[PDB]
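S.K.: Protein chains in written order, with our numbering: chain E, 33 to 107; chain A, 2 to 67; chain R, 2 to 67. Before I ask anything, here is the structure I am working with.
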Amino acid sequence: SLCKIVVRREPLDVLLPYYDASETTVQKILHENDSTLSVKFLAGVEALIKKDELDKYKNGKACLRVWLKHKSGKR
Amino acid sequence: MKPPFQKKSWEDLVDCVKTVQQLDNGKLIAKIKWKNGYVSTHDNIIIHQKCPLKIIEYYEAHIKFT
Amino acid sequence: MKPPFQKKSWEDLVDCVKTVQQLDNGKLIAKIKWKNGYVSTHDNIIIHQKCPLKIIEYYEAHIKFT
């Protein structure tokens, strides 16, 4: 008996006018945790983010790109 | 009024999560109602860090078993 | 190997929530896989206290927009 969370779709402009798009600007990668990276966001929150989901956040793709170059020794 | 990021927890200041929706890039965002009447919308990762028990309450209010 | 019920957080010890199910009486229970490969079952109320981010991860993996 599978479990699911069933949410009625709403137009995004019910939500977005009250959304500060700057909050989750990625500022830096702080450390690793298994496959994830601990990141500092501009709003002043730290969180574990999956590497393949960093591109969902402002500056996440760019930050990951540089981190990968340092991690691999190309920088 | 700006969300108070200087506070480690928002559990006591938030009334409820009103809805969670999905952006085109697949990220989830959540609209929250504060106890003081204000509303704000955040990436879900923010809500996970500031008031996870409110979003758990919201998800469990929408749970369905097959 | 018993769960560390005295420890305030289990986030670092748990791999994932595998399932949430509802017992006849209505209670929700969560089956969790620990990072050591063991599995145990707990009232959701306990999981909210111990590893809320893990149950959030599970719920967000099973959101369906209608």
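From the three backbone atoms N, C-alpha and C, an ideal C-beta is built for every residue, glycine too.
Quick check: is the beta carbon of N26 of chain A nearer than 8 Å to any beta carbon in chain E?
M.R.: Cβ-Cβ to chain E under 8 Å: yes for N26 of chain A.
S.K.: Between the segment 57-64 of chain A and the segment 47-64 of chain R, are three or more C-beta pairs nearer than 8 Å?
M.R.: Yes, the segment 57-64 of chain A is in contact with the segment 47-64 of chain R.
S.K.: Which residues mark the beginning and the end of the beta strand (DSSP E) in which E64 of chain E is found?
M.R.: Counting along the chain, the beta strand (DSSP E) containing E64 of chain E begins and ends at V58 to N65.
S.K.: Run through DSSP, which three-state label would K103 of chain E get?
M.R.: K103 of chain E: helix per DSSP, three-state reduction.
S.K.: Beta-carbon of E64 of chain E versus every beta-carbon of chain A: anything under 8 Å?
M.R.: False, the Cβ-Cβ gap to chain A never drops below 8 Å.
S.K.: Under 8 Å between C-beta atoms, does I30 of chain A make it to chain E?
M.R.: It does: the Cβ of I30 of chain A has a partner Cβ on chain E nearer than 8 Å.
S.K.: Within a Cβ cutoff of 7 Å, which residues of the same chain sit near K90 of chain E, ignoring the five residues on either side of it in sequence?
M.R.: Excluding sequence neighbours, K90 of chain E sits near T56, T57 and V58.
S.K.: Quick check: what's the CA-CA separation for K65 of chain A versus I81 of chain E?
M.R.: Answer to the nearest angstrom: the Cα atoms are 28 Å apart.
S.K.: State the CB to CB distance for the pair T67 of chain A and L34 of chain E, rounded to an integer number of angstroms; the pair is presumed to be in contact (CB under 8 Å).
M.R.: Rounded, the Cβ-Cβ distance is 5 Å, consistent with contact.
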